[PDB]
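Engineer: Here's a structure for you.
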Amino acid sequence: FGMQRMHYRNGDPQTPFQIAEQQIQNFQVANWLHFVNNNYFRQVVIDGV
Amino acid sequence: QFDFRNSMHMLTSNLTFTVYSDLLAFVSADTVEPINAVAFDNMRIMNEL
């Protein structure tokens with residue numbers, strides 16, 4: 001999209017993908033980045049394991 | 001004319017004192033960790049992590 005390139009300092013609690021999600025405007029790319037950001041595992045107890 | 005009773009004097013001085021030169025050799029300095037260097041604004045100098 002030709003926007004100014006980001007300078008993500010090495011050590012901020014935020015992630016580059018989070019900043020990109022907070023920055024860009026287009027729909028599908030932002031949705032995909034948002035999906036890849038917070039996609040965490042789920043703890044499930046099955047059969048005692 | 002010369003009179004001995006007049007030329008006599010009690011010069012004043014200091015007892016003893018060690019004169020010091022090249023003083024800064026008595027202080028040593030340690031570099032901070034190069035990564036954790038802070039320049040002027042409470043922030044790291046370089047950030048390209």
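By order of appearance in the structure tokens: chains A, B, ..., then residues from 1 within every chain, and ligands from 1 in the order shown.
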Chain B: which residues are alpha helix (DSSP H) by DSSP, as a ChimeraX atom specification?

Structural biologist: /B:4-7

Engineer: Hey, can you spit out that residue selection with N, CA, C and O atoms as a PDB file, in the first residue's frame?

Structural biologist:
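Final output, selection.pdb:
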```pdb
ATOM      1  N   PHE B   4      72.114  41.322  62.950  1.00  0.00           N
ATOM      2  CA  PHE B   4      71.623  39.949  62.960  1.00  0.00           C
ATOM      3  C   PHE B   4      70.243  39.856  63.597  1.00  0.00           C
ATOM      4  O   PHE B   4      69.423  39.019  63.197  1.00  0.00           O
ATOM      5  N   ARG B   5      69.966  40.706  64.587  1.00  0.00           N
ATOM      6  CA  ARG B   5      68.691  40.640  65.292  1.00  0.00           C
ATOM      7  C   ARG B   5      67.511  41.008  64.405  1.00  0.00           C
ATOM      8  O   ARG B   5      66.366  40.708  64.764  1.00  0.00           O
ATOM      9  N   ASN B   6      67.752  41.646  63.261  1.00  0.00           N
ATOM     10  CA  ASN B   6      66.669  42.073  62.383  1.00  0.00           C
ATOM     11  C   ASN B   6      66.402  41.100  61.243  1.00  0.00           C
ATOM     12  O   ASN B   6      65.240  40.874  60.888  1.00  0.00           O
ATOM     13  N   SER B   7      67.448  40.518  60.655  1.00  0.00           N
ATOM     14  CA  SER B   7      67.249  39.579  59.559  1.00  0.00           C
ATOM     15  C   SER B   7      66.610  38.276  60.017  1.00  0.00           C
ATOM     16  O   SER B   7      66.071  37.538  59.184  1.00  0.00           O
TER      17      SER B   7
END
```

Engineer: Which residues of chain B come within 7 Å of chain A, and for each one, what is the closest pair of atoms and their distance in Å to one decimal, counting only C-alpha atoms, sorted by chain and residue number, as a Markdown table?

Structural biologist:
```
| residue | atom | partner | partner_atom | distance |
| --- | --- | --- | --- | --- |
| B:47 | CA | A:9 | CA | 4.5 |
| B:48 | CA | A:10 | CA | 5.5 |
| B:49 | CA | A:10 | CA | 3.5 |
```

Engineer: For the residues selected in the previous step, produce a file with N, CA and C atoms as a PDB file, in the first residue's frame.

Structural biologist:
```
ATOM      1  N   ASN B  47      17.735  -0.258  17.932  1.00  0.00           N
ATOM      2  CA  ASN B  47      16.631  -1.214  18.043  1.00  0.00           C
ATOM      3  C   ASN B  47      16.312  -1.726  16.637  1.00  0.00           C
ATOM      4  N   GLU B  48      16.915  -2.859  16.283  1.00  0.00           N
ATOM      5  CA  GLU B  48      16.644  -3.551  15.026  1.00  0.00           C
ATOM      6  C   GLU B  48      16.517  -5.047  15.270  1.00  0.00           C
ATOM      7  N   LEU B  49      15.802  -5.419  16.328  1.00  0.00           N
ATOM      8  CA  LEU B  49      15.667  -6.816  16.732  1.00  0.00           C
ATOM      9  C   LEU B  49      14.742  -7.597  15.798  1.00  0.00           C
TER      10      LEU B  49
END
```

Engineer: With a distance cut-off of 9 Å and only C-alpha atoms, select the neighbouring residues of range 30-35 of chain B, excluding the residue or stretch itself and same-chain residues fewer than 5 positions from it, and output the selection as number ranges by chain.

Structural biologist: B: 44-47

Engineer: Take the residues that were just selected and, keeping N, CA and C atoms, output them as an mmCIF file, in the first residue's frame.

Structural biologist:
```cif
data_model
loop_
_atom_site.group_PDB
_atom_site.id
_atom_site.type_symbol
_atom_site.label_atom_id
_atom_site.label_comp_id
_atom_site.auth_asym_id
_atom_site.auth_seq_id
_atom_site.Cartn_x
_atom_site.Cartn_y
_atom_site.Cartn_z
ATOM 1 N N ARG B 44 16.548 2.660 24.575
ATOM 2 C CA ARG B 44 17.729 2.024 24.015
ATOM 3 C C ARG B 44 18.216 2.802 22.796
ATOM 4 N N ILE B 45 19.528 2.742 22.560
ATOM 5 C CA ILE B 45 20.119 3.474 21.444
ATOM 6 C C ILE B 45 19.688 2.863 20.118
ATOM 7 N N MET B 46 20.038 1.601 19.897
ATOM 8 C CA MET B 46 19.733 0.903 18.657
ATOM 9 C C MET B 46 18.643 -0.129 18.898
ATOM 10 N N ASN B 47 17.735 -0.258 17.932
ATOM 11 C CA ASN B 47 16.631 -1.214 18.043
ATOM 12 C C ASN B 47 16.312 -1.726 16.637
#
```

Engineer: Do you know which residues are at most 12 Å from residue 38 in chain A counting only C-alpha atoms, after dropping those on the same chain fewer than 3 positions away, and could you put them as a ChimeraX atom specification?

Structural biologist: /A:14-15,17-18,21,31-35,41-42
